[PDB]
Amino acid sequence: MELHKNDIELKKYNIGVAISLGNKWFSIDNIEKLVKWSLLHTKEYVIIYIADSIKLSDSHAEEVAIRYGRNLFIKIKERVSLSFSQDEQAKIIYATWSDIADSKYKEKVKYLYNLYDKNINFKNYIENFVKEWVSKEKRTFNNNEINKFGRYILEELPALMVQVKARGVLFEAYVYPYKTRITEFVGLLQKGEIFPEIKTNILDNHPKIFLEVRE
């Protein structure tokens, strides 16, 4: 379980663990290993949050937090309190969607929402994103559901792109087991190589660092 870079063993960064809820790789055991890896390599804190989710709330991410995320976090906490010492447990921050989606963050989401409504090339590219995901599944989805899912990605996009605070604590880097179409998309966005208007408006030359960590 190692990094797939000298600043990492110089422990320059706090590390987030970006959990994909319902993704088969994110067993409790694989989460515990990412948390162990992060505690060893982090500057100080490890931030655990739900990074995506592929009506009790107008915000999809918030609905995921209240319906499933809490019970996920309860299981992670019990596992950690058996696997790690009290002083290591003190370094872990369980960041709900509310701890992340502060004022500044919601302005970034609203910029993306309005771009998704007023720019058809952006809507279409985000929608084509969803279609390739669910082309991999047996289940089928209409165009209205596809357009709904596209909005849901946008809610999580700033957290992948910009360095943000979880309950007062900046984390510059996050770990994820493999490159995805999303992490490739974010990489182009941060460079201004795709939809340059987004970098100009919502990003700021401290880019969120993606660390690929797996067995």
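Don't overthink the numbering: it's just position in the shown sequence, from 1.
**Student:** Enter the number of deposited residues without atomic coordinates between residue 54 and residue 55, binned as none, 1 to 3, 4 to 9, or 10 or more.
**Tutor:** In the deposited sequence, 4 to 9 residues between these two have no coordinates.
**Student:** As recorded in the PDB entry, how many deposited residues are without coordinates between residue 4 and residue 5: none, 1 to 3, 4 to 9, or 10 or more?
**Tutor:** Per the deposited record, the segment joining residue 4 and residue 5 lacks coordinates for 4 to 9 residues.
**Student:** When the Cα temperature factors in the entry are averaged, is it 142-150 or 32-40 that ends up higher?
**Tutor:** According to the entry, 142-150 carries the higher average C-alpha B-factor.
**Student:** Tell me which stretch has the larger mean Cα B-factor in this entry, 132-140 or 69-77.
**Tutor:** It is 132-140 that shows the higher mean C-alpha B-factor.
**Student:** How does residue 96 rank on Cα B-factor within its chain, lowest, middle or highest third?
**Tutor:** For residue 96, whose C-alpha B-factor we compare with every modelled residue in the chain, the answer is the lowest third.
**Student:** Could you tell me which third, lowest, middle or highest, the C-alpha B-factor of residue 170 occupies within its chain?
**Tutor:** CA B-factor rank for residue 170: highest third.
**Student:** Looking at the entry's B-factor column for C-alpha atoms only, identify whether residue 126 ranks in the lowest, middle or highest third of its chain.
**Tutor:** It falls in the middle third of the chain.
**Student:** Quick check for you: using the entry's CA B-factors within this chain, is residue 155 in the lowest, middle or highest third?
**Tutor:** Middle third - that is where residue 155 ends up once the chain's C-alpha B-factors are sorted.
**Student:** Considering every modelled residue of the chain and its Cα B-factor in the PDB entry, is residue 17 in the lowest, middle or highest third?
**Tutor:** CA B-factor rank for residue 17: lowest third.
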